[PDB]
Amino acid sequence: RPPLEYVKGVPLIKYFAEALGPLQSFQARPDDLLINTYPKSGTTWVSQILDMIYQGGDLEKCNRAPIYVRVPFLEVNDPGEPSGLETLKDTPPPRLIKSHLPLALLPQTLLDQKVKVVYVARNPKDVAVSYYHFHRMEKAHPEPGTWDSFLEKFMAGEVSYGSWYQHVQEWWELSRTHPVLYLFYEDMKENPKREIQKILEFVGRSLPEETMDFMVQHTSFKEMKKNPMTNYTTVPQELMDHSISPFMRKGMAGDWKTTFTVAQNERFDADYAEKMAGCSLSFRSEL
């Protein structure tokens, strides 16, 4: 469990920090589609929906390989696996790219080329809980310690990829001057079909009503949990140890209520009120 490295004010996992070198040579294509999110906000879920739309709704094509192979993770630079930049050299256009990078660290080529971006945000409480367990099972992140300890660091933005408040705000802001579909995890939970339809419209594609419903079922938590091509059980137990905490934990909005103590919840609400003061952004802590 290596410590974080700071780059341009952003805490990152050593392997990611390093990948930033080669990334300066990455060339974006006009027809690329970027999927950006703060960690644990629904990356894998929207990646599956998008790969299905691109594969015309064919499940056997989506089965072609694990999601992290179909949707390369830009910064990924894990031990004993192809770098993200590498995997992208051989990915057939149009490409689907995954990333958690803040605007400060995102390769300029993506902005210059006006690449469309699908962004997904989730209420901070659930993100914090989900991120704590992820720290437990993902052997690449530093020691999370106790939940109380973690939560403190989460509020200070002292975790991989940095501040969640700043991440969601910047992207929300950028969606004025750049083509950005800004989605909400909770909305996706509430009415899948309604959201996938916004996506289809965004990428400018269309599908038969019946194919649509089909995706809805195969992008369900239940389904994605059994599917080994999307539940991350195909990576070594030295990268991810699912016995500690499954990658697909609960898939619920509102589950934070069973982890936050009343004291923690009070401390967090006050803090959040200060940080989100002048922002038009609005999150639903439950359904």
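In case it trips you up, residue 1 is the first one in the sequence shown, and so on.
- As recorded in the PDB entry, 206-214 is the stretch of 163-171 and 206-214 with the greater mean C-alpha temperature factor.
- In this entry, 84-92 shows the higher mean Cα temperature factor of the pair 84-92 and 67-75.
- The PDB entry assigns the greatest CA B-factor among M276, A270, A17, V10 to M276.
- When the C-alpha B factors of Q48, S41, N231, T261 are read from the deposited coordinates, the top value falls at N231.
- Placement of the Cα temperature factor of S130 within the chain: lowest third of the modelled residues, per the deposited record.
- Per the deposited record, the Cα B-factor of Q108 falls in the middle third when ranked against the other modelled residues of its chain.
- Residue-level temperature factors show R136 in the middle third of its chain, judged at the C-alpha atom.
- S149: CA B factor in the middle third of modelled residues in this chain (values from the PDB entry).
- In the deposited entry, the Cα temperature factor of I53 sits in the middle third of values across the chain's modelled residues.
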